[PDB]
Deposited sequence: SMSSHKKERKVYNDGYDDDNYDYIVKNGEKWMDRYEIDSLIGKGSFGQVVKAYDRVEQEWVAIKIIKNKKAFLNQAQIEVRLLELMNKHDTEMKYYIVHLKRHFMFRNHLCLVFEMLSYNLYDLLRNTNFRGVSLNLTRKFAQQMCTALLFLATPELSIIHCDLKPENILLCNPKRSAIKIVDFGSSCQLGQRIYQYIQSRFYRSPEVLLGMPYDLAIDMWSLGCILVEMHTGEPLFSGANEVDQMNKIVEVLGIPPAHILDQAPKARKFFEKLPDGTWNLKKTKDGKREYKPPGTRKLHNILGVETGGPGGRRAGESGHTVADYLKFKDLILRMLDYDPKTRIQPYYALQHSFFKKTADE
C-alpha cells in the first residue's frame, strides 16, 4: 500500500528521513514535535546559516486549508511587530514540498505543559508565574490592536513555548483555529478546560474569551493541575459554578443554552439543574492556599510567596474570570495591575 508515491504514511504525514536535503537549501535532522496538524522537524537552513523548525502540515485538504488561514494571520502579525517584542512566534517563510505545506519558524524549546510535567505536577513559583503572565498580557494587547483584532481561540499550556530551556521568555504558537473580530464564524471553539462561559452558553463572543483562558492557565501553572477539568460540557459548567457561583441573571436571561445547565425559578432567579459542592463554596482563596502556605502548603517558608503576594494574584485572576465579557479585565488594565512590577 503506497501513499503519496511512497512519501507519506497512512496518517497523511510525511515520512521523515534523517539527513534528507530539500530544495538545495534545508538539511532535515530529526523530529522535535507532533500534533493533529502534522509534524515539526529541526532542520539546518544552509542559505541563512541557522537552525530552524519546519512545521510539515498533513497532505489532506482540511489540514492544508487550516494551515493557509494560519499563514495569513502570521503574515499579518509578524508585519506589525518587526522587532519581535510582542511574544508571537516568528514565521520566516512557507513553501509547498512533495504535497505538504511547510511553515518555517524560528526554533523554540519546551512547551508549558512539558514544564508542568517537569515540576512533577506541583507547579512553578509565583515569581515565574508572574513573568509568564506579564508576557501573555502583552501578547493579548498586541492581538487587540485594531488592524489585527485576532482571537487565538485555543490558548492552553501546550500552545505556549519557551524560547530557551534556561530562561523565562515565551512565544504563543498555533493560529490554525483563530479568527478576527470582524469575521467570526465558529460556534464550537476553545479546548474544554479553557472554554469561556459565553461559548458554553451559545452567546456572542469577542477577544475576552482569550482572557478567560489565560486566567485558567495561570492558576494551573502555579498549582500544577487544571482549575476546571470537565469531562463534558455539563461537567465543565458545574466545575466553574463550584468556584464562581451561579452566573448573573442578566446573562442567563439572554443565553440560548441556559437550560442545558440551569433552571429559572418563580423568583426570577436561576439555579442549577440536578454531587457537586454548593455554588461558590470551592473558594479560589483555598485552591491557591492564600493563607495556608500556597498549593498543598508546599510554599510555606519560601520567599516570594507571602499572604500579600497571594492576595494580589487572587484579585487579578478573579478579574480575568468575570462572567460578564464586557467587564472582564482587558489587556491594557491587566498590565497596570499591582501584581506586576513597576519597572
query	finding
Non-modelled portions of the deposited polymer sequence, in sequence order	1-9, 284-289, 359-361
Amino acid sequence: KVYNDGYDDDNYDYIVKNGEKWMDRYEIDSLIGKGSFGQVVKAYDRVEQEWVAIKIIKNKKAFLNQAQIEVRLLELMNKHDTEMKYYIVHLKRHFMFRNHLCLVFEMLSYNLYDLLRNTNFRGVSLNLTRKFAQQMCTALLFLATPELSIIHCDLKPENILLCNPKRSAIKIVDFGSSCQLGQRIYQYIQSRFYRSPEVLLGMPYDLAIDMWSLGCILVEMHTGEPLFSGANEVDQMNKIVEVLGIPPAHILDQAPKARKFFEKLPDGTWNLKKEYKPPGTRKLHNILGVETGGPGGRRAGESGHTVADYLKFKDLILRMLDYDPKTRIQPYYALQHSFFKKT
From here on, numbers count along this sequence of modelled residues.
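In this text, rigid core is short for the largest set of C-alphas that superpose within 1.5 Å between two forms.
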| property | result |
| --- | --- |
| Higher C-alpha RMS shift from the shown form in 9 other deposited structures of this protein - 5-13 or 327-335, rigid core fit | 5-13 |
| Between 262-270 and 204-212, the one whose CA atoms sit farther away in 9 other deposited structures of this protein (rigid core aligned) | 262-270 |
| Mean C-alpha B-factor comparison - 115-123 and 207-215, higher one | 115-123 |
| Comparing 43-51 with 296-304, the one whose average Cα B-factor in the PDB entry is higher | 296-304 |
| Which of 171, 184, 93, 156 ranks first by CA B-factor in the deposited coordinates | 184 |
| Largest Cα B-factor, entry values, listed residues 152, 100, 260, 130 | 260 |
| Assigned third (lowest, middle, highest) for the C-alpha B factor of residue 29 | middle |
| Chain thirds of CA B-factor: placement of residue 167 | highest |
| Chain-wide C-alpha B factor ranking for residue 291, given as lowest, middle or highest third | highest |
| Residue 274, C-alpha B-factor rank within chain (lowest, middle or highest third) | highest |
| Lowest, middle or highest third - CA B-factor, residue 280 | highest |
